[PDB]
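S.K.:
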Amino acid sequence: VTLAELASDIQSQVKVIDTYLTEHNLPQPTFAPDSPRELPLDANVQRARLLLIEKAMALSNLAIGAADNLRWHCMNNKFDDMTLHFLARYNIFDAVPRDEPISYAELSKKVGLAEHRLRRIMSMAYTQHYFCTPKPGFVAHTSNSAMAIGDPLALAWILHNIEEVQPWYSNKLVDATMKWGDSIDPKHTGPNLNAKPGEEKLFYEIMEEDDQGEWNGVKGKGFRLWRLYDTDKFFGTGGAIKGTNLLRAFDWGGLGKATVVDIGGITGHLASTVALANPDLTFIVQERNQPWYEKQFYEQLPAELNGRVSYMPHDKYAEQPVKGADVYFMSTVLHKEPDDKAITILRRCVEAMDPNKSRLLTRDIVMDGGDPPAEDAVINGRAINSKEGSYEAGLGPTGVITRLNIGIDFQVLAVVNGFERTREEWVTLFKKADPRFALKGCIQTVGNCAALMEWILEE
Amino acid sequence: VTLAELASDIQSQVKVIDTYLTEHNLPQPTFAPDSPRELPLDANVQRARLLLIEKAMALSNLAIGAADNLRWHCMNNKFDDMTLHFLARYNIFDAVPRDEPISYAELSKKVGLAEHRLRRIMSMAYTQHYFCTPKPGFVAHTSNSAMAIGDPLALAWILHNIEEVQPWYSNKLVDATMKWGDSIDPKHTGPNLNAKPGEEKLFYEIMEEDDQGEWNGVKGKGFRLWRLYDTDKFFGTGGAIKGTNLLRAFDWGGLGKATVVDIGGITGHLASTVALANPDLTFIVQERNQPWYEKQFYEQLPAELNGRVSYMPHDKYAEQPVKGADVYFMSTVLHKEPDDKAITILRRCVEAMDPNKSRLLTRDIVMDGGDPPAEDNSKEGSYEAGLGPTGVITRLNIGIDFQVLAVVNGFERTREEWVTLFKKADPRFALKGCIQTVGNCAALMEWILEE
Ligand SMILES: C/C=C/C[C@H](C)C[C@H](C)C(=O)c1c(O)cc[nH]c1=O
Ligand SMILES: C/C=C/C[C@H](C)C[C@H](C)C(=O)c1c(O)cc[nH]c1=O
Numbered sequence: 002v003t004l005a006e007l008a009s010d011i012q013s014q015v016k017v018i019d020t021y022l023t024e025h026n027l028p029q030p031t032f033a034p035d036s037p038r039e040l041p042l043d044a045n046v047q048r049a050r051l052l053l054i055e056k057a058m059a060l061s062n063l064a065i066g067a068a069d070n071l072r073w074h075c076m077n078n079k080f081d082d083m084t085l086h087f088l089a090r091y092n093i094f095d096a097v098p099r100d101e102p103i104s105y106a107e108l109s110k111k112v113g114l115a116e117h118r119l120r121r122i123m124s125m126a127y128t129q130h131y132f133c134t135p136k137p138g139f140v141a142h143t144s145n146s147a148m149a150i151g152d153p154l155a156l157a158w159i160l161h162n163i164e165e166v167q168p169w170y171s172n173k174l175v176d177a178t179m180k181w182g183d184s185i186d187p188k189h190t191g192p193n194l195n196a197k198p199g200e201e202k203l204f205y206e207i208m209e210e211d212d213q214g215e216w217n218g219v220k221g222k223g224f225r226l227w228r229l230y231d232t233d234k235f236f237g238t239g240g241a242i243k244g245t246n247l248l249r250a251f252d253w254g255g256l257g258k259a260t261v262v263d264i265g266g267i268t269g270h271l272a273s274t275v276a277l278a279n280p281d282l283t284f285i286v287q288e289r290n291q292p293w294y295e296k297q298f299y300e301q302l303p304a305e306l307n308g309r310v311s312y313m314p315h316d317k318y319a320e321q322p323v324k325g326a327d328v329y330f331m332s333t334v335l336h337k338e339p340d341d342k343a344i345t346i347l348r349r350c351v352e353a354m355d356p357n358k359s360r361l362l363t364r365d366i367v368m369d370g371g372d373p374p375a376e377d378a379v380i381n382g383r384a385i386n387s388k389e390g391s392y393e394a395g396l397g398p399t400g401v402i403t404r405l406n407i408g409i410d411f412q413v414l415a416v417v418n419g420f421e422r423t424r425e426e427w428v429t430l431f432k433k434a435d436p437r438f439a440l441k442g443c444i445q446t447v448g449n450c451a452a453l454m455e456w457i458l459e460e
Numbered sequence: 002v003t004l005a006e007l008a009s010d011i012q013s014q015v016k017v018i019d020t021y022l023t024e025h026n027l028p029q030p031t032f033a034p035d036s037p038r039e040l041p042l043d044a045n046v047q048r049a050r051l052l053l054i055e056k057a058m059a060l061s062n063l064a065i066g067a068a069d070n071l072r073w074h075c076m077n078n079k080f081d082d083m084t085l086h087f088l089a090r091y092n093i094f095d096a097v098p099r100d101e102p103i104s105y106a107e108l109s110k111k112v113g114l115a116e117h118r119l120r121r122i123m124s125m126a127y128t129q130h131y132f133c134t135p136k137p138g139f140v141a142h143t144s145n146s147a148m149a150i151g152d153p154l155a156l157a158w159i160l161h162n163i164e165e166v167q168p169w170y171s172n173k174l175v176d177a178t179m180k181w182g183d184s185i186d187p188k189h190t191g192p193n194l195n196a197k198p199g200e201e202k203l204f205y206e207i208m209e210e211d212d213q214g215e216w217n218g219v220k221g222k223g224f225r226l227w228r229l230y231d232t233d234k235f236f237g238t239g240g241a242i243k244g245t246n247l248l249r250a251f252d253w254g255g256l257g258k259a260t261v262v263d264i265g266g267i268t269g270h271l272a273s274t275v276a277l278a279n280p281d282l283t284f285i286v287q288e289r290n291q292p293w294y295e296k297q298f299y300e301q302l303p304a305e306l307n308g309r310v311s312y313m314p315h316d317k318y319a320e321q322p323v324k325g326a327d328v329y330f331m332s333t334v335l336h337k338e339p340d341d342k343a344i345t346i347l348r349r350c351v352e353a354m355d356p357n358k359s360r361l362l363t364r365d366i367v368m369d370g371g372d373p374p375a376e377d386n387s388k389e390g391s392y393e394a395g396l397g398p399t400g401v402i403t404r405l406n407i408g409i410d411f412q413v414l415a416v417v418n419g420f421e422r423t424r425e426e427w428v429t430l431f432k433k434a435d436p437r438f439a440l441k442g443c444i445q446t447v448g449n450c451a452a453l454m455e456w457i458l459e460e
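Chains as they are written, first to last, in PDB author numbering: chain A, 2 to 460; chain B, 2 to 377, 386 to 460.
Here it is in structure tokens:
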């Protein structure tokens with residue numbers, strides 16, 4: 002491919018998006034804080050958007066060229082993370098007003114970071130369109146930075162990755178690999194490279210046990226796990242994996258009055274999203290208890306649910322105490338479970354299921370892609386705006402959903418030696434758990450990176 | 002700005018490059034291993050390239066959108082570094098033939114990385130156009146990965162950043178700032194967060210003293226410093242800061258038969274670059290000695306220079322023993338020197354200079370940009394191509410600024426700050442030339458002492 006080819010391709014995708022926005026009188030994305038934070042969920046718009054990102058990344062990459070790509074990458078990339086690190090730890094998102102500029106001098110005194118250094122940090126932020134400088138000596142928000150205003154979930158995501166995942170695990174992954182090999186054992190992770198025998202610590206042990214700190218309402222023991230919970234919530238409130246996409250991937254209303262057992266459901270945020278939109282549904286959120294868990298679970302629980310979402314302490318490897326429920330639901334649980342452990346969990350589900358009225362629903366990455374809703378299956382336009390060679394938009398070796406899915410793969414690899422799976426690998430795994438399992442649906446909304454898989458037991 | 006405006010801008014810039022390559026019968030950049038590694042150095046082409054990169058980055062950013070930008074960023078960007086870390090530590094660039102594909106199985110056996118994990122690592126590389134998969138189960142190079150084949154300097158750059166700068170310094174820079182504030186003391190850096198007063202370790206002490214390892218022919222003491230020197234050479238052999246750009250930024254030939262004193266000139270690589278192109282020049286490379294320095298200096302030294310480039314052990318803060326030389330030259334030395342230290346060095350140069358004969362040349366970032374070479386239609390906006398708040402040369406300038414900030418609390422300067430600093434060293438100093446080739450982030454500043 003050439004620069005010109007990429008540019009033409011880009012133009013084609015922009016035209017699809019730009020025409021949809023105009024024909025529907027929808028505001029255009031910009032870098033201003035009042036920009037829409039996403040494009041319409043229309044499947045044609047989203048396919049075009051995913052291809053556009055991919056081609057624009059290819060274009061900047063090609064134009065930088067082979068001589069400067071590795072040179073500039075190892076110089077600059079790491080400092081985009083460092084910039085966000087400063088922005089979060091100094092609370093700079095909240096200190097810059099959303100709709101008004103602020104001087105470096107005033108910003109410096111608000112956050113306690115000297116003017117010279119502040120100026121330097123902000124300048125790097127500008128190059129990735131986080132904040133801008135509208136006039137000399139002044140800082141203002143962009144859309145990218147404004148979305149973090151007042152949102153500790155956004156800051157949780159920054160700090161979890163920069164203060165835990167990267168320094169403790171991913172920076173050490175090479176060493177981990179050479180020491181223990183290609184492992185599925187969560188002990189074979191960065192913090193244990195020099196641990197004495199029997200003194201290894203698991204990621205989730207560190208998260209729940211460390212008591213030297215505090216985060217967003219939880220002081221002491223488990224503050225890191227609470228922050229990790231915030232990150233989970235962050236991915237549900239907006240963007241590609243937004244929780245409301247679950248409502249489009251399965252007919253929750255069709256269940257009628259029914260009980261959903263939410264196994265490994267964190268703090269029940271996703272359960273609350275589904276139950277808010279489906280008044281006939283009861284959710285049992287099953288999770289390992291913590292000293293602060295119930296206090297936080299009920300503080301977040303919307304009163305409008307009238308108690309339909311409740312918490313039940315439960316070990317996911319143990320016997321399932323809720324028998325004959327309509328749905329047993331696991332959202333992004335099994336990608337941290339190697340085969341033997343996932344089979345244990347699945348067999349616990351099977352024993353509690355009534356094969357003639359229970360379903361097992363999982364939400365997880367399907368590496369090679371799920372299927373779109375039936376209404377989006379037929380391609381009604383041109384292939385250029387819908388597919389990249391043989392791959393659905395967003396997939397293939399340079400696809401942005403492919404990229405994100407590898408990012409998630411690497412994250413669970415880093416912290417627990419987890420891994421993502423293809424559809425065939427999911428079906429193989431479930432049938433090893435019980436040969437009666439059948440994949441009845443595998444729905445991935447366009448622009449999402451996860452699929453909702455509907456499993457049943459048939460004779 | 003909107004998606005359509007960005008796309009429109011991109012088309013214009015592309016057209017400039019596309020037209021020039023066609024009209025000059027020059028191969029088009031692609032991702033194939035045989036692609037040109039850079040665009041032509043013609044100033045109009047480079048201006049369009051810099052704007053094109055900037056607009057294309059704006060376009061991918063805007064298309065990702067505000068909801069997904071921070072979410073995707075903190076998920077993915079760190080693993081682009083981790084992928085390069087695997088590729089370097091397992092020597093995968095060399096393991097994959099430049100012009101043939103290799104199966105994951107065969108690559109796995111060559112590098113000793115299990116197949117499943119190998120596949121996973123390679124797949125992340127593909128998304129940034131490092132390697133590709135031309136057929137199921139097979140790996141091939143791209144232009145981006147092929148440039149690292151057989152080049153330990155590229156591996157040096159990967160490992161210096163990922164195994165030293167990032168974990169020891171930049172990841173700890175917030176903690177360092179909260180502990181010491183906006184310090185300019187090189188002891189007030191990440192490794193010393195819990196050091197006893199007086200027991201702080203300097204970055205360059207760690208570099209020259211650590212003996213637990215080896216790198217590219219240097220075993221034991223100072224292997225890290227030798228690898229650092231490889232990274233400096235890496236930025237001289239190609240890309241934006243290539244040493245041959247120095248030949249366009251100053252009239253070296255106009256010096257005639259002349260001596261250049263190269264203060265802090267590393268292992269003399271840059272000196273050799275200039276001396277190979279200018280046969281009438283003699284270079285004196287002044288640098289702090291190391292047990293392996295002279296061996297490595299002479300191994301590297303091109304035979305065809307016939308001794309014109311020599312090594313003189315020297316403390317840059319000490320009296321300058323070469324009096325009256327035509328040129329005293331410092332390349333990317335002063336951006337690691339706070340004002341007081343820089344003034345000490347500059348006054349050592351002034352004492353040795355003949356004001357009517359000697360020049361002082363410095364190569365450094367000028368944060369607000371130098372002037373184009375003399376040999377190079387209408388201007389819109391406040392900034393030359395590559396500069397301004399989203400410019401890609403600005404971005405590289407800041408990355409370098411942050412690099413020296415991280416390891417020694419150094420900093421980059423504007424042209425006005427340079428002039429102020431030099432005039433504080435000696436009021437006779439005058440900036441006679443400040444030349445920055447288009448596509449380069451550094452400028453060559455020519456200083457003289459005037460009455
Ligand atoms: C399939 C999508 C799942 C949404 C999650 C936010 C992905 C994220 C990588 C994740 O699972 C993490 C994790 O499991 C453990 C530690 N740190 C994480 O970030
Ligand atoms: C102005 C351009 C200079 C070219 C250099 C390769 C820049 C690079 C950031 C650098 O100076 C480094 C340094 O001084 C010390 C440690 N590690 C570095 O990387």
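Idealized CB from N, CA, C, for every residue including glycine.
What are the complete alpha helix (DSSP H) segments, minimum 4 residues, inside the stretch 209 to 259 of chain B?
M.R.: 224 to 238, 246 to 250
S.K.: Give me the Cα-Cα distance between B:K433 and B:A439, rounded to the nearest whole angstrom.
M.R.: Start at 1 with the first residue of the second sequence, and residue 433 of chain B comes out as number 424. Start at 1 with the first residue of the second sequence, and residue 439 of chain B comes out as number 430. So the two alpha carbons sit approximately 11 angstroms from each other.
S.K.: Under 8 angstroms between C-beta atoms, does A:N195 make it to chain B?
M.R.: Mapped onto the first sequence, residue 195 of chain A falls at position 194. Residue-level contact by beta carbon fails for A:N195 and chain B, as no gap is shorter than 8 angstroms.
S.K.: Report the three-state DSSP secondary structure of A:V46 (helix, strand or coil).
M.R.: Within the first sequence, numbered from 1, the residue matching residue 46 of chain A stands at position 45. Note: A:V46 maps to helix in three-state DSSP.
S.K.: Output, in chain order, the set of chain B residues within a Cβ distance shorter than 7 angstroms of A:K79.
M.R.: As a position in the first sequence, residue 79 of chain A is number 78, starting the count at 1. In chain order: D82, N162, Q167, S171.
S.K.: Please confirm if B:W73 has its CB atom under 8 angstroms from at least one CB of chain A.
M.R.: By 1-based counting over the second sequence, the position of residue 73 of chain B is 72. Yes, B:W73 lies at the interface with chain A (some Cβ there is under 8 angstroms from its Cβ).
S.K.: Kindly confirm or deny that the stretch 128 to 145 of chain B and the stretch 33 to 40 of chain B touch, where touching means at least three C-beta pairs closer than 8 angstroms.
M.R.: yes
S.K.: If you run the structure through DSSP and keep just helix, strand and coil, what is A:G448?
M.R.: Residue mapping note: residue 448 of chain A aligns to position 447 of the first sequence, counting from 1. Coil at A:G448, not helix or strand.
S.K.: Select from the stretch 38 to 62 of chain A all residues with a C-beta closer than 8 angstroms to any C-beta belonging to chain B, and list them in chain order.
M.R.: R38, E39, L40, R50, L53, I54, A57, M58, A59, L60, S61, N62
S.K.: Count Cβ pairs between the stretch 341 to 354 of chain A and the stretch 381 to 396 of chain A that sit closer than 8 angstroms; are there 3 or more?
M.R.: no
S.K.: Among A:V334, A:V310, A:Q287, A:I344, which one has its Cα closest to the Cα of A:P322?
M.R.: To locate residue 322 of chain A, count along the first sequence from 1; it is residue 321. Closest option to A:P322, Cα to Cα, is A:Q287.
S.K.: List, in chain order, every chain B residue whose beta-carbon is nearer than 8 angstroms to that of A:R121.
M.R.: Indexing the first sequence from 1 puts residue 121 of chain A at position 120. Correct list: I407, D410, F411, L414, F420.
S.K.: Considering A:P153, what are the terminal residues of the beta strand (DSSP E) in which it resides?
M.R.: Taking the first residue of the first sequence as position 1, residue 153 of chain A is located at position 152. First-last for A:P153: 153 to 161, but that is the alpha helix (DSSP H), not the beta strand (DSSP E).
S.K.: Counting only beta-carbon atoms, is A:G240 nearer than 8 angstroms to chain B?
M.R.: Translated into the one-based positions of the first sequence, residue 240 of chain A becomes position 239. It does; some Cβ of chain B falls within 8 angstroms.
S.K.: Do you know how far the Cα of A:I402 is from the Cα of B:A68?
M.R.: On the second sequence, residue 68 of chain B is found 67 positions in, with the first residue counted as 1. On the first sequence, residue 402 of chain A is found 401 positions in, with the first residue counted as 1. Their backbone Cα atoms lie some 15 angstroms apart in a straight line.
S.K.: Mind checking which residues open and close the alpha helix (DSSP H) that includes A:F411?
M.R.: Position 410 of the first sequence, counting from 1, holds the residue named residue 411 of chain A. That run of the alpha helix (DSSP H) goes 401 to 417.
S.K.: Does the beta-carbon of B:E421 have 16 or more other beta-carbons within 10 angstroms, so that it is buried, or is it exposed?
M.R.: Counted from its first residue, the second sequence places residue 421 of chain B at position 412. Counting Cβ neighbours within 10 Å, B:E421 comes out buried, since at least 16 surround it.
S.K.: Would you mind working out which of A:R309, A:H74, A:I103, A:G371 sits nearest A:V140, comparing C-alpha positions?
M.R.: On the first sequence, residue 140 of chain A is found 139 positions in, with the first residue counted as 1. Nearest option by C-alpha distance: A:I103.
S.K.: If you drop the 5 nearest sequence neighbours on each side, which residues of the same chain put their C-beta closer than 7 angstroms to that of B:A343?
M.R.: Stepping through the second sequence from its first residue, residue 343 of chain B is reached at position 342. Hits under 7 angstroms: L335, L430.
S.K.: Give the list of continuous beta strand (DSSP E) stretches no shorter than 3 residues that lie fully inside the stretch 5 to 38 of chain B.
M.R.: none
S.K.: What is the rounded straight-line gap between the Cα of residue 383 of chain B and the Cα of B:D372?
M.R.: A break in chain B separates 377 from 386, and the residue in question, residue 383 of chain B, sits inside that break with no coordinates.
S.K.: Quick one, which of A:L282, A:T399, A:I264, A:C75 has its alpha-carbon nearest A:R289's?
M.R.: The residue you call residue 289 of chain A lines up with position 288 of the first sequence. Nearest C-alpha to A:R289: A:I264.
S.K.: Mind reading off the beta-carbon distance from A:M125 to B:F411? Whole number of angstroms is fine, and I expect it under 8 angstroms.
M.R.: Sequence index remark: in the first sequence, residue 125 of chain A carries index 124 (1-based). Sequence index remark: in the second sequence, residue 411 of chain B carries index 402 (1-based). Their Cβ separation, rounded to whole angstroms, is 7 angstroms, which keeps A:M125 and B:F411 in contact under 8 angstroms.
S.K.: What's the gap between the Cα of A:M179 and the Cα of B:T399?
M.R.: In the first sequence, residue 179 of chain A corresponds to position 178, counting from 1. In the second sequence, residue 399 of chain B corresponds to position 390, counting from 1. Looking at the two C-alpha atoms, the distance is approximately 40 angstroms.
S.K.: So, does the CB of B:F224 fall closer than 8 angstroms to a CB anywhere in chain A?
M.R.: Locating residue 224 of chain B in the second sequence gives position 223, where the first residue counts as 1. Closer than 8 angstroms: no.
S.K.: How many angstroms separate the CA atom of B:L71 from the CA atom of A:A155?
M.R.: Translated into positions along the second sequence, residue 71 of chain B becomes position 70. Translated into positions along the first sequence, residue 155 of chain A becomes position 154. Going from the Cα of B:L71 to the Cα of A:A155 covers about 8 angstroms.
S.K.: I'd like to confirm something about B:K173: is its beta-carbon nearer than 7 angstroms to some heavy atom of ligand 2, or not?
M.R.: By 1-based counting over the second sequence, the position of residue 173 of chain B is 172. Result no, Cβ not under 7 angstroms from ligand 2.
S.K.: With a cut-off of 8 angstroms, does the C-beta of B:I18 fall near any C-beta of chain A?
M.R.: Indexing the second sequence from 1 puts residue 18 of chain B at position 17. Yes, contact with chain A.
S.K.: Within 8 angstroms of any Cβ in chain B, is that where the Cβ of A:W216 sits?
M.R.: The residue you call residue 216 of chain A lines up with position 215 of the first sequence. For A:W216, the answer is no, since every Cβ of chain B falls outside 8 angstroms of its Cβ.
S.K.: In or out: B:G138 buried (at least 16 other Cβ within 10 Å) or exposed?
M.R.: Your numbering for residue 138 of chain B matches position 137 in the second sequence. By the C-beta density criterion, B:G138 is exposed, having fewer than 16 other C-beta atoms within 10 angstroms.
S.K.: Whose CA, out of A:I366, A:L7, A:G218, A:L53, lies closest to the CA of A:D19?
M.R.: Here residue 19 of chain A refers to the residue found at position 18 of the first sequence. Nearest C-alpha to A:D19: A:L53.
S.K.: With DSSP as the reference, label A:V261 as helix, strand or coil.
M.R.: The sequence position of residue 261 of chain A within the first sequence is 260, counting from 1. A:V261 falls in the strand class under three-state DSSP.
S.K.: Tell me which same chain residues have a C-beta within less than 6 angstroms of the C-beta of A:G442, skipping the five on either side of it?
M.R.: In the first sequence, the residue the question calls residue 442 of chain A occupies position 441. So the qualifying residues of the chain are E455.
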